[PDB]
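# Can you look at this? It's an experimental structure, sequence on top.
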Amino acid sequence: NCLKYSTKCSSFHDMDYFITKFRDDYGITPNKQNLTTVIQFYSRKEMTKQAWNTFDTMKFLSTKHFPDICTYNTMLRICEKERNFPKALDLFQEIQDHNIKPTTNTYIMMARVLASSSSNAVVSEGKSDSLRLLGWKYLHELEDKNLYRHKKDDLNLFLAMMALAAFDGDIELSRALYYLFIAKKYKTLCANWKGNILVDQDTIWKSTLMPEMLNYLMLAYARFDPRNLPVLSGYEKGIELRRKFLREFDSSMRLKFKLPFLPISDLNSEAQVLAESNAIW
Amino acid sequence: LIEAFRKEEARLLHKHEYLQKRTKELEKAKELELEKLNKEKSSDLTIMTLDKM
Amino acid sequence: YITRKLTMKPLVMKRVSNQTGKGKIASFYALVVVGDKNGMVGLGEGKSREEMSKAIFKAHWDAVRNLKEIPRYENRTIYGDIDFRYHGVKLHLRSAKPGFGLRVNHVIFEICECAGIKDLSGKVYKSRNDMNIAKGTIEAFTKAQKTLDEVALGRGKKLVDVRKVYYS
Amino acid sequence: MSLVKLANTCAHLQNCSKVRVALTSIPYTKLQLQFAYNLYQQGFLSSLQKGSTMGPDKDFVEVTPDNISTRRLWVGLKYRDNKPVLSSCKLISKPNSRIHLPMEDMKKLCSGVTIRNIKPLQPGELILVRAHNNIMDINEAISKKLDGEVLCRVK
């Protein structure tokens, strides 16, 4: 608990004080959970090398200290932050090898890692479309089985999809996902708001607008190439997913609160893209 | 002959000072490397680590 | 695709006898290699009693059937050295600089020419049979060679890290 | 520090790879530990664990002379796409003929020249050099301008 709050406030001195205090006065050394929290600390401070060293030590010390799926998910997050997809794939292979059971977060984090790695040819090693494709495949493997879900995972899943939508320049999917997310957030908050809707409209909208979705949508806009073809277009599962989401967005627009999305399924010209960019901004 | 002897002494002195100077600047590289080790271990949480083992 | 692009070169052409009670029966063995010069090669063998033409015919079909993709570094050479033992032939083959010739045994020369291996330097120790040389050459080309991409992924490393550092 | 023990370890890893065993053990000595760590940091080994002869340790155990005899280092092997990541392992410096190279000849070896009848470094290859009782990758040994003994070659 000490390390949890210290991470949340990002206090390095508090980490040192608590760990040294316990070791010196109490004979207590961090276990697997505390070491995972320490890895999350190192990830928070962008200290990737120390996190990998800690992960190695968790493997080394004992089988009780040996990493489990939670620590592996944290390490996959570190891989995302470093845009290191070969290590993320190798890790996934390790979870399969060590017989550790994946969870929903494992698949979502792998999808996010691949989406981020596919940003540029340089970081993607020239396999950008393949990496976005593999992230989509991991999301499908998620969709197959129930696994263990977490209250937050759903949100991340949307973001993960949007990541794969944003980096591929798929404006229509990004628009559909943005609209669906904003609509569901707004309706959920308004349905579950104690006060009157009108007076607290400022707070409701401030809660509704998640800047990450806006940033991902604008990244989807910026990577617009008219000659581009989405990676999700080719596959049958992919084309079905695209069709479902686009139909849902279309129906939602056809059916209060309003968003300034232009009344078109897709933007085919640069001028309309600029217009919608200004509108959403 | 006077010029030759004086110039030979001069070249020896200057050369020795040159080599000594080069070593003294290389000392700076060593000490800055040691300083870079400080910042490497400034961010340490005191847990024993495999690289340290 | 097959006829226009693939090139066929005979590697072995010989008479093998099976002396039967009545007399010496002589048949024709042919070993050929078919390669598109663009990263696909295969070997074929044929045996015909009446005329070598049929032997080369069946050998050409067999080579077409076993046509396989071959790992290549920069589309000009092997990824690294290959040291391979095949049924008594010891093949030591080394990748080479661009512009380097095919400074290898002749059988290896036709195999590389067919398969598009521009650059190589190698030596054949122990037995020097052309048959075994060709078979072991293809086997060492495909089994004993690993792509830098595959090695890096198996090691979970980026190509920038695995690539060698330049020293001079 | 025996090159004999290190050679035995190298052959043991080769054999373990050929028969596709996930987890095996090696002697728990600092040479072996540094070797396993350098192989692991380069992705060749899946994981390192402490343990005894029977198996990996359940809970942390202090290393003392009392238990040192039965201590073992359990290395987990990687097999990817139906192939072994640690395909082969060799000793360049045999116990008979030990190869101590200065930094210039290590640069020559890394640059493709054959020095003391040592086949030079290959692209996907790893060479380990021991300098002043520390094992390190040959590239790092050159980076630190450290004279050392070249030990082994894992491909």
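Ah, there it is. Numbers count the residues shown, from 1 in each chain, chains lettered A, B, ... in the order given.
# Centroid-wise, who is the farthest residue in chain C?
No residue in chain C sits farther from the centre than residue C:22, which is 39.3 Å out by Cα atoms, centre = their mean.
# which residues sit in contact with the spatially most distant residue from the centre of chain B?
In chain B, residue B:1 marks the outermost C-alpha relative to the chain mean, sitting 38.6 Å out by Cα atoms, centre = their mean. For residue B:1, the contact set (Cβ atoms under 8 Å, 6 or more residues apart in numbering or on different chains) is empty. No exception for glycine: its C-beta is placed from N, CA and C like everyone else's.
# so how far is chain A from it?
66 Å (Cβ to the nearest Cβ, to the nearest Å).
# Pick out the residue closest to the middle of chain C.
residue C:138 (3.4 Å).
# Run through who's touching the helix ranked longest in chain D.
Longest among the helix segments of chain D by residue count, using DSSP state H, is helix D:3-18. Contacts with helix D:3-18, where a contact means Cβ under 8 Å, 6+ apart, come from D:24, D:26-27, D:29, D:31-32, D:35, D:75, D:77, D:79, D:84, D:86-91, D:93-95, D:98, D:151-152, D:154.
# Please list the members of these that lie in strands.
With strands defined by DSSP state E, the entries of these inside them are D:24, D:26-27, D:75, D:77, D:79, D:84, D:89-91, D:151-152, D:154.
# Quick check: chain neighbours aside, which residue is closest to residue A:102?
residue A:95 (5.8 Å; Cβ to Cβ, 6 or more residues apart in numbering or on different chains).
# Neighbours of the one you found, how many?
A count of nearby residues for residue A:95, using other Cβ atoms under 10 Å in any protein chain shown, gives 20.
# In contact with it, which residues?
Residue A:95 touches A:69, A:72, A:102, A:106, counting by Cβ under 8 Å, 6+ apart.
# which bits of chain A sit near chain D?
Applying Cβ under 8 Å from any Cβ of the partner chain, we find that chain A lies next to chain D at A:29, A:56, A:59-66, A:90, A:93-94, A:97-98.
# In helices, which of the residues you listed appear?
A:56, A:59, A:60, A:61, A:90, A:93, A:94, A:97.
# I'd like to know which of the residues you listed is nearest to chain C.
Using Cβ to the nearest Cβ, residue A:90 comes nearest to chain C of those, at 3.0 Å.
# I'd like the distance between that closest one and residue C:139.
Separation of residue A:90 from residue C:139 (Cβ to Cβ, to the nearest Å): 29 Å.
# Reformat the contacts of residue A:95 as a markdown table; add distance to residue B:12, secondary structure and neighbour count.
Shown next, in a markdown table, are those (distance: Cβ to Cβ, whole Å; DSSP: H, G, I helix; E, B strand; the rest coil; neighbours: other Cβ atoms under 10 Å in any protein chain shown):
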| residue | distance to residue B:12 | secondary structure | neighbour count |
| --- | --- | --- | --- |
| A:69 | 72 | helix | 16 |
| A:72 | 67 | helix | 23 |
| A:102 | 74 | coil | 20 |
| A:106 | 72 | helix | 24 |
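# returning to what we had before: near chain C, which of the residues of chain A next to chain D show up?
Checking those against chain C (Cβ under 8 Å from any Cβ), the matches are residue A:90.
# Excluding chain neighbours, what is closest to residue D:154?
Here the residue nearest residue D:154, using Cβ to Cβ, 6+ apart, is residue D:89, at 4.5 Å.
# so who does that neighbour touch?
Here residue D:89 is in contact with D:10, D:11, D:13, D:14, D:152, D:153, D:154, D:155 (Cβ under 8 Å, 6+ apart).
# And the buried ones among those, selectable in ChimeraX?
Those of the contacts of residue D:89 that count as buried under 16 or more other Cβ atoms under 10 Å in any protein chain shown are selected in ChimeraX with:
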select /D:10,13,14,152,153,154,155
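# What is the nearest of the contacts of residue D:89 to residue A:201?
Residue A:201 lies nearest to residue D:154 out of these, by Cβ to Cβ, at 65.5 Å.
# Go ahead and confirm the closest one touches residue D:40.
No - the criterion here is Cβ atoms under 8 Å, and residue D:154 misses it with residue D:40 at 11.6 Å.
# List the strands paired with whichever strand or helix holds residue C:27, with their directions.
Following DSSP states H and E, one finds residue C:27 within strand C:24-35. Using DSSP bridges, strand C:24-35 pairs in its sheet with strand C:7-19 (antiparallel), strand C:40-48 (antiparallel).
# mind checking which of these is nearest residue A:227?
Comparing those by Cβ to Cβ, strand C:40-48 comes nearest, at 31.0 Å.
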